[PDB]
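Chemist: Just dropping this structure here.
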Amino acid sequence: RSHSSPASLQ
Amino acid sequence: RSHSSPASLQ
Amino acid sequence: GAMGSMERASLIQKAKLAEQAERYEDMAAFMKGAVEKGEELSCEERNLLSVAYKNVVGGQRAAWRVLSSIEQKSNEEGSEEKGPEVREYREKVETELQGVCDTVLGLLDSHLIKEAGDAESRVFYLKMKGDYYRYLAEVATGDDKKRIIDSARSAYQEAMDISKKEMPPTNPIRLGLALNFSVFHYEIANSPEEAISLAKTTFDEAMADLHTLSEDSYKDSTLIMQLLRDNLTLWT
Amino acid sequence: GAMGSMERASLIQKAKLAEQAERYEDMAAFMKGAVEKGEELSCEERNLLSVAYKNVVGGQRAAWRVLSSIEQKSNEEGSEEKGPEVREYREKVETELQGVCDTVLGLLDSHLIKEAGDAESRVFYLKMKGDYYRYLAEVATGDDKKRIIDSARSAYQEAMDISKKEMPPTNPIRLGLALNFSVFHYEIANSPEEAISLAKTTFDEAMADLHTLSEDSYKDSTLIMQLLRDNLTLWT
Ligand SMILES: *SCc1cc(N[C@@H](C)CN)c2cc(C(=N)N)sc2c1
Ligand SMILES: *SCc1cc(N[C@@H](C)CN)c2cc(C(=N)N)sc2c1
Ligand SMILES: C[C@@H](CN)Nc1cc(CS)cc2sc(C(=N)N)cc12
Ligand SMILES: C[C@@H](CN)Nc1cc(CS)cc2sc(C(=N)N)cc12
């Protein structure tokens, strides 16, 4: 599968 | 900690 | 809501405790309660909200994929039919996943997005709206799939417009938005060329902005850049 | 119960699906429903029951330990007091853990233990009764701690008596029983000498019975033997 963003973002 | 049994037992 | 009687600060404190305890269902309920207090969320609190629900829905998505695979194989040629149980249970998980998406989308629409008075907060929430419509799209089929997909597109696209006007190319929210929109394009909207083009432009423009960052910011930006690179390797 | 309208076989099928999906709360609800059909459980079904609830309560125990540690440090000398929130949330998790133990113990008492017509089934259920009283003991304090501990002891001891009369020393249920009773002795009942003595005797007597086993049975027995050995290394 494709990677999506981690949940926490600065 | 001490180890206890796994959940499944034959 | 059952969190109505608890103080906002206590809910945030307990969300952080639940995260330490890996109790993500609790964490999501605490953060829902905090949102429903009606005050704007800080950057940290927005991340707590996202972590909680992303973990909750992530477990549901992983289960749905396991079950959907089983179901597809019990429907293959020569594969006996073990009755309704696989479909039923996949439908149960699907419905619970849909309820979580509905809950998050409801928080965003009442009233996080409209009250978001910063580019960073408004992009964060619009990205989340796109993400949770995407999770609905992953399990959608009949006659509403197309409209769910376009709701995800509309949300991502508005977030993209703001982020490009208001944030630098290395901004981690801008980067995670572009990553997730590229995954939308590739996996949901059958637009692999758009996905590739977006991931390439996103990576290259961020690479050229790294020199402006502190070491702390550089670390956050490059983590997401590597995900863009990893996808481009899969896709090309 | 909400599982009353589902067929026994469908509940078992779905418990197995939930295990594949790592949906252990679902798995436990399905197996509770299967037990409440009133028929005896097979060896496989007993294991499904145990896996489901052990995973559910294991997550609760891990959370309780995280939270209890936080709580103990916010009560150390010079450690500021952040209000009631840590205690409250630890109490919430504790109460949920206690409810799971109550539910399992209720299934065993109505009527798994009394209807168990084999040594292997009766020992399995009595071991489980001891285990779930032990989990209650881990969080017990005032004036009921001692009685919960002795309920765990009484259950383990009856299981031990049957297993020694009716099963060979390598029987995996006998072995896992002895392991867990030794952990009871060491961690709950402040009886480290009993724990060590039991683990040593259990290991040595099993070692001398391995030659009677097939490769399949030998594998099951030696896995638990290594846990006995690992504990003896910690304890001596
Ligand atoms: S908005 C400031 C902020 C940053 C982070 N860190 C991520 C961007 C990288 N780890 C953060 C993490 C939180 C958590 N998961 N408890 S809250 C928060 C806030
Ligand atoms: S009672 C026959 C039986 C044996 C096992 N295996 C364990 C003893 C070792 N893996 C078993 C595992 C089950 C599961 N977790 N789905 S059910 C079952 C039955
Ligand atoms: C048609 C589509 C949006 N165009 N709507 C939805 C469909 C489903 C599948 S049952 C769940 C939800 S949850 C939700 C919300 N905004 N809270 C909207 C929807
Ligand atoms: C005093 C002790 C047994 N001697 N009883 C219990 C105490 C607690 C802590 S609130 C929970 C449960 S659940 C349960 C059961 N058999 N279902 C018994 C108990």
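Ordered as shown in the structure tokens, chains take letters A, B, and onward, while each chain numbers its residues from 1 and ligands are numbered from 1 in the order shown.
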When the cut-off is 8 Å and we count only C-alpha atoms, which residues of chain D are near chain B, given as a ChimeraX atom specification?

Modeler: /D:43,47-48,50-51,54,171-173,176-177,179-180,183,187,220,224,227-228,230-231,234

Chemist: Using N, CA and C atoms, can you export the residues from the last selection as an mmCIF file, in the first residue's frame?

Modeler:
```
data_model
loop_
_atom_site.group_PDB
_atom_site.id
_atom_site.type_symbol
_atom_site.label_atom_id
_atom_site.label_comp_id
_atom_site.auth_asym_id
_atom_site.auth_seq_id
_atom_site.Cartn_x
_atom_site.Cartn_y
_atom_site.Cartn_z
ATOM 1 N N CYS D 43 -11.918 -28.286 22.997
ATOM 2 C CA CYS D 43 -10.587 -27.794 23.329
ATOM 3 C C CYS D 43 -10.286 -26.515 22.551
ATOM 4 N N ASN D 47 -9.871 -22.599 23.986
ATOM 5 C CA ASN D 47 -8.721 -21.749 23.712
ATOM 6 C C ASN D 47 -9.152 -20.427 23.110
ATOM 7 N N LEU D 48 -10.203 -20.433 22.290
ATOM 8 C CA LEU D 48 -10.676 -19.180 21.728
ATOM 9 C C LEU D 48 -11.153 -18.250 22.837
ATOM 10 N N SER D 50 -10.204 -18.234 25.989
ATOM 11 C CA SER D 50 -9.063 -17.773 26.763
ATOM 12 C C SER D 50 -8.292 -16.696 26.019
ATOM 13 N N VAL D 51 -8.020 -16.911 24.728
ATOM 14 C CA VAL D 51 -7.300 -15.915 23.919
ATOM 15 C C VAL D 51 -8.037 -14.579 23.925
ATOM 16 N N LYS D 54 -7.951 -12.999 27.420
ATOM 17 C CA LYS D 54 -6.609 -12.709 27.895
ATOM 18 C C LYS D 54 -6.071 -11.470 27.202
ATOM 19 N N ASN D 171 1.721 -32.447 30.154
ATOM 20 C CA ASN D 171 0.461 -31.955 29.611
ATOM 21 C C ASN D 171 0.470 -30.416 29.615
ATOM 22 N N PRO D 172 0.244 -29.768 28.472
ATOM 23 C CA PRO D 172 0.411 -28.298 28.442
ATOM 24 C C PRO D 172 -0.526 -27.564 29.375
ATOM 25 N N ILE D 173 -1.698 -28.119 29.660
ATOM 26 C CA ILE D 173 -2.579 -27.449 30.604
ATOM 27 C C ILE D 173 -2.012 -27.582 32.010
ATOM 28 N N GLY D 176 0.989 -25.097 32.126
ATOM 29 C CA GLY D 176 0.591 -23.692 32.227
ATOM 30 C C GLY D 176 -0.070 -23.372 33.554
ATOM 31 N N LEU D 177 -0.821 -24.320 34.104
ATOM 32 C CA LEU D 177 -1.363 -24.186 35.454
ATOM 33 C C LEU D 177 -0.246 -23.972 36.466
ATOM 34 N N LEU D 179 2.900 -23.107 36.038
ATOM 35 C CA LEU D 179 3.541 -21.828 35.783
ATOM 36 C C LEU D 179 2.753 -20.707 36.445
ATOM 37 N N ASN D 180 1.448 -20.644 36.169
ATOM 38 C CA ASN D 180 0.664 -19.510 36.669
ATOM 39 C C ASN D 180 0.497 -19.550 38.172
ATOM 40 N N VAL D 183 3.620 -18.070 39.545
ATOM 41 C CA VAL D 183 3.587 -16.609 39.444
ATOM 42 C C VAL D 183 2.687 -16.022 40.542
ATOM 43 N N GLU D 187 4.363 -13.314 42.955
ATOM 44 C CA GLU D 187 3.967 -11.926 42.741
ATOM 45 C C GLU D 187 2.774 -11.483 43.578
ATOM 46 N N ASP D 220 4.761 -28.253 22.165
ATOM 47 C CA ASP D 220 3.857 -27.548 23.070
ATOM 48 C C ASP D 220 4.385 -27.558 24.498
ATOM 49 N N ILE D 224 6.335 -24.019 27.255
ATOM 50 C CA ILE D 224 5.984 -23.593 28.605
ATOM 51 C C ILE D 224 7.125 -23.892 29.558
ATOM 52 N N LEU D 227 9.438 -21.014 29.819
ATOM 53 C CA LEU D 227 8.940 -19.937 30.674
ATOM 54 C C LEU D 227 9.218 -20.215 32.135
ATOM 55 N N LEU D 228 9.039 -21.469 32.565
ATOM 56 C CA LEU D 228 9.418 -21.847 33.920
ATOM 57 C C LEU D 228 10.891 -21.577 34.149
ATOM 58 N N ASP D 230 12.807 -19.437 32.493
ATOM 59 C CA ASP D 230 13.039 -17.993 32.498
ATOM 60 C C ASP D 230 12.688 -17.375 33.848
ATOM 61 N N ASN D 231 11.573 -17.795 34.455
ATOM 62 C CA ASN D 231 11.222 -17.258 35.762
ATOM 63 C C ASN D 231 12.236 -17.674 36.817
ATOM 64 N N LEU D 234 15.005 -15.315 36.895
ATOM 65 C CA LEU D 234 14.682 -14.049 37.558
ATOM 66 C C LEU D 234 14.649 -14.202 39.067
#
```

Chemist: Give me the chain D side of the contact with ligand 4, cut-off 7 Å, one line per residue showing its nearest atom pair and distance in Å at one decimal, counting only C-alpha atoms and all ligand atoms, sorted by chain and residue number, as CSV.

Modeler:
```
residue,atom,partner,partner_atom_place_in_ligand_line,distance
D:98,CA,ligand 4,11 (C),5.7
D:99,CA,ligand 4,13 (S),6.9
D:101,CA,ligand 4,13 (S),5.9
D:102,CA,ligand 4,13 (S),3.6
D:103,CA,ligand 4,17 (N),6.4
D:105,CA,ligand 4,17 (N),4.7
D:106,CA,ligand 4,17 (N),4.8
D:136,CA,ligand 4,9 (C),6.4
D:140,CA,ligand 4,9 (C),6.8
D:144,CA,ligand 4,1 (C),5.3
D:147,CA,ligand 4,4 (N),4.7
D:148,CA,ligand 4,4 (N),4.5
D:151,CA,ligand 4,4 (N),5.6
```

Chemist: Please produce an output containing N, CA and C atoms for each residue in the selection, written as an mmCIF file, in the first residue's frame.

Modeler:
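Result written to result_19.cif:
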```cif
data_model
loop_
_atom_site.group_PDB
_atom_site.id
_atom_site.type_symbol
_atom_site.label_atom_id
_atom_site.label_comp_id
_atom_site.auth_asym_id
_atom_site.auth_seq_id
_atom_site.Cartn_x
_atom_site.Cartn_y
_atom_site.Cartn_z
ATOM 1 N N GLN D 98 -11.962 -4.877 36.338
ATOM 2 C CA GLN D 98 -12.737 -5.660 37.286
ATOM 3 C C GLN D 98 -14.015 -6.204 36.658
ATOM 4 N N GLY D 99 -14.657 -5.422 35.788
ATOM 5 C CA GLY D 99 -15.847 -5.911 35.112
ATOM 6 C C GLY D 99 -15.564 -7.067 34.171
ATOM 7 N N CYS D 101 -13.080 -9.282 34.577
ATOM 8 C CA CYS D 101 -12.820 -10.421 35.438
ATOM 9 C C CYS D 101 -14.127 -11.004 35.955
ATOM 10 N N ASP D 102 -15.024 -10.128 36.438
ATOM 11 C CA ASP D 102 -16.369 -10.518 36.879
ATOM 12 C C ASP D 102 -17.128 -11.287 35.813
ATOM 13 N N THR D 103 -17.075 -10.819 34.566
ATOM 14 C CA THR D 103 -17.759 -11.486 33.458
ATOM 15 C C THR D 103 -17.209 -12.892 33.230
ATOM 16 N N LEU D 105 -15.336 -14.793 35.331
ATOM 17 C CA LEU D 105 -15.625 -15.602 36.500
ATOM 18 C C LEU D 105 -17.081 -16.034 36.504
ATOM 19 N N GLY D 106 -17.977 -15.149 36.056
ATOM 20 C CA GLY D 106 -19.388 -15.524 35.951
ATOM 21 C C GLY D 106 -19.657 -16.636 34.962
ATOM 22 N N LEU D 136 -7.774 -9.748 39.436
ATOM 23 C CA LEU D 136 -8.421 -8.926 40.462
ATOM 24 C C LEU D 136 -7.467 -8.618 41.615
ATOM 25 N N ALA D 140 -6.357 -5.133 43.799
ATOM 26 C CA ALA D 140 -7.133 -5.085 45.034
ATOM 27 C C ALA D 140 -6.358 -4.406 46.152
ATOM 28 N N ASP D 144 -10.712 -6.701 51.074
ATOM 29 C CA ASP D 144 -11.086 -7.762 50.161
ATOM 30 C C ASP D 144 -9.882 -8.336 49.430
ATOM 31 N N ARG D 147 -9.195 -11.875 50.623
ATOM 32 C CA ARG D 147 -10.138 -12.916 50.223
ATOM 33 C C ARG D 147 -10.040 -13.201 48.730
ATOM 34 N N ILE D 148 -9.738 -12.186 47.929
ATOM 35 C CA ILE D 148 -9.539 -12.414 46.507
ATOM 36 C C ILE D 148 -8.333 -13.315 46.295
ATOM 37 N N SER D 151 -9.274 -16.843 47.090
ATOM 38 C CA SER D 151 -10.091 -17.415 46.025
ATOM 39 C C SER D 151 -9.212 -17.871 44.868
#
```

Chemist: How would chain B read as a compact mmCIF listing (two decimals) with N, CA and C atoms, in the first residue's frame after a least-squares superposition onto chain A over every Cα atom, matched in order?

Modeler:
```txt
# COMPACT_ATOMS: atom_id res chain seq x y z
N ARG B 1 0.84 -1.19 0.00
CA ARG B 1 0.00 0.00 0.00
C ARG B 1 0.88 1.24 0.00
N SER B 2 0.26 2.36 -0.33
CA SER B 2 0.91 3.65 -0.24
C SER B 2 0.96 4.14 1.21
N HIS B 3 2.00 4.90 1.52
CA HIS B 3 2.15 5.51 2.83
C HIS B 3 1.44 6.85 2.92
N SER B 4 0.68 7.04 3.99
CA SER B 4 0.06 8.33 4.26
C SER B 4 0.74 8.93 5.48
N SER B 5 0.36 10.15 5.81
CA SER B 5 1.03 10.89 6.86
C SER B 5 0.87 10.25 8.23
N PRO B 6 1.87 10.39 9.08
CA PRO B 6 1.65 10.09 10.51
C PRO B 6 0.59 11.01 11.09
N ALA B 7 0.05 10.60 12.24
CA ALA B 7 -1.07 11.32 12.84
C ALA B 7 -0.66 12.70 13.36
N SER B 8 0.51 12.82 13.98
CA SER B 8 0.93 14.10 14.55
C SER B 8 1.82 14.86 13.57
N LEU B 9 1.55 16.16 13.43
CA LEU B 9 2.25 17.02 12.46
C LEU B 9 2.55 18.37 13.11
N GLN B 10 3.83 18.76 13.11
CA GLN B 10 4.25 20.03 13.71
C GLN B 10 3.81 21.24 12.88
```

Chemist: Atom CA of residue D:27 and atom 13 (C, counted along the ligand's line) of ligand 2 are how many Å apart?

Modeler: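 Atom-to-atom, atom CA of residue D:27 to atom 13 (C, counted along the ligand's line) of ligand 2, that is 12.4 Å.
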
Chemist: Counting only C-alpha atoms, which residues of chain D come no farther than 10 Å from chain C, as number ranges by chain?

Modeler: D: 9-11, 13-15, 17-23, 26, 59-67, 70, 82-86, 88-90, 93

Chemist: Just to be explicit: take each residue in the selection above, keep N, CA, C and O atoms, and write the result as a short mmCIF file (atom, residue, chain, number, x, y, z; two decimals), in the first residue's frame.

Modeler:
```cif
data_model
loop_
_atom_site.label_atom_id
_atom_site.label_comp_id
_atom_site.auth_asym_id
_atom_site.auth_seq_id
_atom_site.Cartn_x
_atom_site.Cartn_y
_atom_site.Cartn_z
N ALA D 9 -22.65 -21.85 16.04
CA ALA D 9 -21.57 -22.04 15.07
C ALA D 9 -21.12 -20.72 14.46
O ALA D 9 -19.93 -20.53 14.16
N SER D 10 -22.06 -19.80 14.22
CA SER D 10 -21.72 -18.49 13.66
C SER D 10 -20.88 -17.67 14.62
O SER D 10 -19.95 -16.96 14.20
N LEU D 11 -21.21 -17.71 15.91
CA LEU D 11 -20.41 -17.04 16.92
C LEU D 11 -18.98 -17.58 16.94
O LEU D 11 -18.02 -16.82 17.05
N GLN D 13 -17.39 -19.10 14.46
CA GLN D 13 -16.79 -18.65 13.20
C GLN D 13 -16.33 -17.20 13.29
O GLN D 13 -15.22 -16.86 12.87
N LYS D 14 -17.18 -16.34 13.82
CA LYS D 14 -16.87 -14.92 13.93
C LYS D 14 -15.79 -14.65 14.98
O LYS D 14 -15.00 -13.71 14.81
N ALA D 15 -15.75 -15.43 16.07
CA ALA D 15 -14.65 -15.31 17.01
C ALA D 15 -13.32 -15.54 16.31
O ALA D 15 -12.34 -14.82 16.53
N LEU D 17 -12.74 -15.16 13.08
CA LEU D 17 -12.52 -14.01 12.20
C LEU D 17 -12.00 -12.80 12.99
O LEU D 17 -11.08 -12.10 12.56
N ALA D 18 -12.60 -12.52 14.15
CA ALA D 18 -12.16 -11.41 14.96
C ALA D 18 -10.72 -11.59 15.43
O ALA D 18 -9.98 -10.62 15.55
N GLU D 19 -10.33 -12.82 15.76
CA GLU D 19 -8.94 -13.09 16.10
C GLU D 19 -8.01 -12.75 14.94
O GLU D 19 -6.95 -12.14 15.14
N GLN D 20 -8.38 -13.15 13.72
CA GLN D 20 -7.57 -12.80 12.56
C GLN D 20 -7.46 -11.29 12.40
O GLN D 20 -6.42 -10.77 11.98
N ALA D 21 -8.53 -10.56 12.71
CA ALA D 21 -8.58 -9.12 12.55
C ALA D 21 -8.00 -8.38 13.75
O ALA D 21 -8.00 -7.14 13.77
N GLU D 22 -7.51 -9.11 14.75
CA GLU D 22 -7.04 -8.55 16.01
C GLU D 22 -8.11 -7.66 16.65
O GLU D 22 -7.81 -6.62 17.23
N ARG D 23 -9.37 -8.09 16.56
CA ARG D 23 -10.49 -7.43 17.23
C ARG D 23 -10.88 -8.25 18.46
O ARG D 23 -11.87 -8.97 18.47
N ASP D 26 -14.37 -7.83 20.20
CA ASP D 26 -15.39 -8.56 19.45
C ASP D 26 -15.27 -10.05 19.73
O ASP D 26 -16.26 -10.76 19.92
N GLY D 59 -4.60 -5.84 27.82
CA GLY D 59 -4.50 -4.42 27.50
C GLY D 59 -4.87 -3.56 28.69
O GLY D 59 -4.26 -2.52 28.93
N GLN D 60 -5.87 -4.00 29.45
CA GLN D 60 -6.27 -3.27 30.65
C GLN D 60 -5.18 -3.33 31.71
O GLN D 60 -4.90 -2.33 32.38
N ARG D 61 -4.58 -4.50 31.90
CA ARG D 61 -3.51 -4.61 32.89
C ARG D 61 -2.32 -3.74 32.51
O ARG D 61 -1.70 -3.12 33.38
N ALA D 62 -1.97 -3.72 31.23
CA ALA D 62 -0.85 -2.88 30.79
C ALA D 62 -1.14 -1.40 31.01
O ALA D 62 -0.28 -0.66 31.50
N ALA D 63 -2.35 -0.96 30.66
CA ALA D 63 -2.76 0.42 30.94
C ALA D 63 -2.74 0.72 32.43
O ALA D 63 -2.27 1.79 32.85
N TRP D 64 -3.31 -0.17 33.26
CA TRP D 64 -3.35 0.06 34.71
C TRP D 64 -1.93 0.21 35.27
O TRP D 64 -1.68 1.08 36.12
N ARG D 65 -0.99 -0.58 34.77
CA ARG D 65 0.38 -0.48 35.26
C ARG D 65 1.02 0.84 34.86
O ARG D 65 1.71 1.46 35.67
N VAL D 66 0.82 1.27 33.60
CA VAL D 66 1.28 2.59 33.17
C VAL D 66 0.71 3.66 34.09
O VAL D 66 1.44 4.51 34.63
N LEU D 67 -0.60 3.63 34.30
CA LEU D 67 -1.26 4.70 35.06
C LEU D 67 -0.88 4.66 36.53
O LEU D 67 -0.63 5.70 37.15
N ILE D 70 2.50 6.26 37.00
CA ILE D 70 2.35 7.71 36.98
C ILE D 70 1.80 8.19 38.31
O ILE D 70 2.35 9.10 38.94
N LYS D 82 -0.91 17.11 40.43
CA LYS D 82 -1.63 17.62 39.28
C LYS D 82 -3.15 17.41 39.37
O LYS D 82 -3.83 17.41 38.34
N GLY D 83 -3.68 17.24 40.58
CA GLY D 83 -5.10 17.09 40.77
C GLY D 83 -5.55 15.64 40.71
O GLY D 83 -4.74 14.72 40.72
N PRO D 84 -6.86 15.43 40.62
CA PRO D 84 -7.43 14.09 40.73
C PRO D 84 -7.37 13.26 39.46
O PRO D 84 -7.78 12.10 39.48
N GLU D 85 -6.85 13.79 38.35
CA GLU D 85 -7.12 13.19 37.05
C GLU D 85 -6.42 11.83 36.89
O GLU D 85 -6.99 10.90 36.32
N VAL D 86 -5.19 11.70 37.37
CA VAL D 86 -4.49 10.42 37.24
C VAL D 86 -5.21 9.33 38.02
O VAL D 86 -5.44 8.22 37.52
N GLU D 88 -8.34 9.31 38.96
CA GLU D 88 -9.65 9.06 38.38
C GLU D 88 -9.53 8.10 37.21
O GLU D 88 -10.29 7.13 37.10
N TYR D 89 -8.59 8.37 36.33
CA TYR D 89 -8.49 7.56 35.13
C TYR D 89 -7.95 6.17 35.45
O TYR D 89 -8.41 5.17 34.87
N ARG D 90 -7.00 6.07 36.38
CA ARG D 90 -6.61 4.74 36.84
C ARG D 90 -7.80 3.98 37.41
O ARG D 90 -7.99 2.79 37.10
N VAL D 93 -9.98 2.65 34.50
CA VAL D 93 -9.43 1.44 33.90
C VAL D 93 -9.58 0.27 34.84
O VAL D 93 -9.97 -0.83 34.44
#
```

Chemist: For ligand 3, return the neighbouring residues as a PyMOL selection string (distance at most 12 Å; only C-alpha atoms and all ligand atoms).

Modeler: chain C and resi 91+94-110+129-130+132-155

Chemist: Since we have the selection now, will you write its residues out, keeping N, CA and C atoms, as a compact mmCIF listing (two decimals), in the first residue's frame?

Modeler:
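Ended up saving to part_16.txt:
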```txt
# COMPACT_ATOMS: atom_id res chain seq x y z
N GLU C 91 -19.41 -6.26 7.43
CA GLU C 91 -20.37 -5.16 7.49
C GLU C 91 -20.40 -4.52 8.88
N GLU C 94 -17.34 -2.39 9.11
CA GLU C 94 -17.54 -1.27 8.19
C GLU C 94 -18.42 -0.21 8.81
N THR C 95 -19.52 -0.63 9.44
CA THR C 95 -20.47 0.31 10.01
C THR C 95 -19.85 1.07 11.17
N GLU C 96 -19.06 0.38 11.99
CA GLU C 96 -18.37 1.04 13.08
C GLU C 96 -17.34 2.03 12.55
N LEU C 97 -16.61 1.64 11.50
CA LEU C 97 -15.66 2.57 10.87
C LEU C 97 -16.38 3.80 10.32
N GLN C 98 -17.52 3.57 9.67
CA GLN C 98 -18.30 4.68 9.15
C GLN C 98 -18.79 5.60 10.26
N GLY C 99 -19.16 5.03 11.41
CA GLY C 99 -19.58 5.86 12.53
C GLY C 99 -18.46 6.72 13.09
N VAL C 100 -17.23 6.20 13.10
CA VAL C 100 -16.10 6.99 13.57
C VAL C 100 -15.84 8.14 12.60
N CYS C 101 -15.88 7.87 11.29
CA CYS C 101 -15.67 8.91 10.30
C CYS C 101 -16.73 9.99 10.43
N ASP C 102 -18.00 9.57 10.55
CA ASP C 102 -19.13 10.48 10.78
C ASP C 102 -18.92 11.36 12.00
N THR C 103 -18.44 10.78 13.10
CA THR C 103 -18.18 11.54 14.33
C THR C 103 -17.11 12.60 14.11
N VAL C 104 -15.99 12.23 13.48
CA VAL C 104 -14.91 13.18 13.24
C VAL C 104 -15.38 14.27 12.30
N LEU C 105 -15.96 13.87 11.18
CA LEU C 105 -16.45 14.84 10.22
C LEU C 105 -17.44 15.79 10.89
N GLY C 106 -18.26 15.26 11.81
CA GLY C 106 -19.17 16.13 12.55
C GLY C 106 -18.48 17.15 13.43
N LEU C 107 -17.37 16.78 14.07
CA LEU C 107 -16.61 17.73 14.87
C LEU C 107 -16.01 18.82 13.99
N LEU C 108 -15.47 18.42 12.84
CA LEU C 108 -14.90 19.39 11.92
C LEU C 108 -15.95 20.36 11.41
N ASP C 109 -17.16 19.87 11.15
CA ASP C 109 -18.19 20.72 10.58
C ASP C 109 -18.95 21.52 11.63
N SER C 110 -18.80 21.18 12.93
CA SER C 110 -19.52 21.81 14.02
C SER C 110 -18.60 21.94 15.23
N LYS C 129 -10.59 16.52 7.17
CA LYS C 129 -11.85 16.28 6.48
C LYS C 129 -11.62 15.44 5.24
N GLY C 130 -10.60 15.78 4.47
CA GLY C 130 -10.26 14.95 3.33
C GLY C 130 -9.88 13.55 3.73
N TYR C 132 -10.81 11.75 6.35
CA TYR C 132 -11.90 10.89 6.82
C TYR C 132 -12.93 10.64 5.72
N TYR C 133 -13.14 11.55 4.78
CA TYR C 133 -13.88 11.17 3.58
C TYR C 133 -13.14 10.09 2.79
N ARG C 134 -11.80 10.15 2.77
CA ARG C 134 -11.05 9.08 2.08
C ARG C 134 -11.27 7.73 2.76
N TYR C 135 -11.26 7.70 4.09
CA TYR C 135 -11.51 6.43 4.76
C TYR C 135 -12.92 5.92 4.46
N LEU C 136 -13.92 6.81 4.43
CA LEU C 136 -15.24 6.40 3.95
C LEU C 136 -15.17 5.88 2.51
N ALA C 137 -14.42 6.55 1.64
CA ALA C 137 -14.33 6.10 0.24
C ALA C 137 -13.75 4.69 0.13
N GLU C 138 -12.84 4.32 1.03
CA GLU C 138 -12.18 3.03 0.90
C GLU C 138 -13.19 1.89 1.00
N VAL C 139 -14.29 2.10 1.71
CA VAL C 139 -15.31 1.07 1.92
C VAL C 139 -16.62 1.39 1.20
N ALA C 140 -16.68 2.48 0.44
CA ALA C 140 -17.91 2.85 -0.24
C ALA C 140 -18.11 2.05 -1.52
N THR C 141 -19.37 1.82 -1.88
CA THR C 141 -19.67 1.19 -3.16
C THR C 141 -20.72 1.95 -3.96
N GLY C 142 -21.99 1.78 -3.60
CA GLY C 142 -23.08 2.06 -4.53
C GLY C 142 -23.63 3.47 -4.54
N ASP C 143 -23.34 4.22 -5.60
CA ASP C 143 -24.09 5.44 -5.92
C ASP C 143 -23.75 6.60 -5.00
N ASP C 144 -23.09 6.31 -3.88
CA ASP C 144 -22.54 7.33 -3.01
C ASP C 144 -21.01 7.33 -3.03
N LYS C 145 -20.39 6.32 -3.64
CA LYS C 145 -18.94 6.30 -3.68
C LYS C 145 -18.43 7.55 -4.37
N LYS C 146 -18.98 7.86 -5.55
CA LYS C 146 -18.49 9.01 -6.31
C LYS C 146 -18.64 10.30 -5.52
N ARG C 147 -19.73 10.46 -4.77
CA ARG C 147 -19.89 11.73 -4.07
C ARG C 147 -18.97 11.80 -2.85
N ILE C 148 -18.72 10.67 -2.20
CA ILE C 148 -17.78 10.66 -1.09
C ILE C 148 -16.39 11.01 -1.59
N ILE C 149 -16.00 10.45 -2.74
CA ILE C 149 -14.69 10.76 -3.32
C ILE C 149 -14.59 12.25 -3.61
N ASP C 150 -15.66 12.84 -4.13
CA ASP C 150 -15.50 14.23 -4.50
C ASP C 150 -15.54 15.13 -3.26
N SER C 151 -16.20 14.70 -2.18
CA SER C 151 -16.10 15.42 -0.92
C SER C 151 -14.67 15.39 -0.40
N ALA C 152 -13.99 14.25 -0.54
CA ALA C 152 -12.60 14.20 -0.11
C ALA C 152 -11.75 15.14 -0.98
N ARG C 153 -11.93 15.07 -2.30
CA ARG C 153 -11.20 15.96 -3.23
C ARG C 153 -11.40 17.43 -2.90
N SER C 154 -12.67 17.86 -2.75
CA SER C 154 -12.98 19.25 -2.45
C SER C 154 -12.27 19.73 -1.19
N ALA C 155 -12.23 18.88 -0.16
CA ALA C 155 -11.59 19.26 1.09
C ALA C 155 -10.08 19.39 0.90
```

Chemist: Would you return as a PyMOL selection string the members of stretch 68-143 of chain C that DSSP assigns to helix (DSSP H, G or I) on this structure's backbone?

Modeler: chain C and resi 68-73+85-115+119-139

Chemist: Which distance in Å separates atom CA of residue D:73 and atom CA of residue C:46, to one decimal?

Modeler: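 Separation between atom CA of residue D:73 and atom CA of residue C:46: 27.8 Å.
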
Chemist: Hey, which of C:56, C:189, C:36, C:44 ends up closest to ligand 1? Count only C-alpha atoms and all ligand atoms.

Modeler: C:44

Chemist: Which residues come within 12 Å of residue D:39, counting only C-alpha atoms, excluding same-chain residues fewer than 6 positions away, as a list in words?

Modeler: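 Once the adjacent positions are removed, what remains is residues 8, 9, 32, 33, 45, 46, 110, 111, 112, 115 and 116 of chain D.
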
Chemist: Atom CA of residue D:206 and atom CA of residue D:218 are how many Å apart?

Modeler: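 Rounded to one decimal, the two atoms are 10.2 Å apart.
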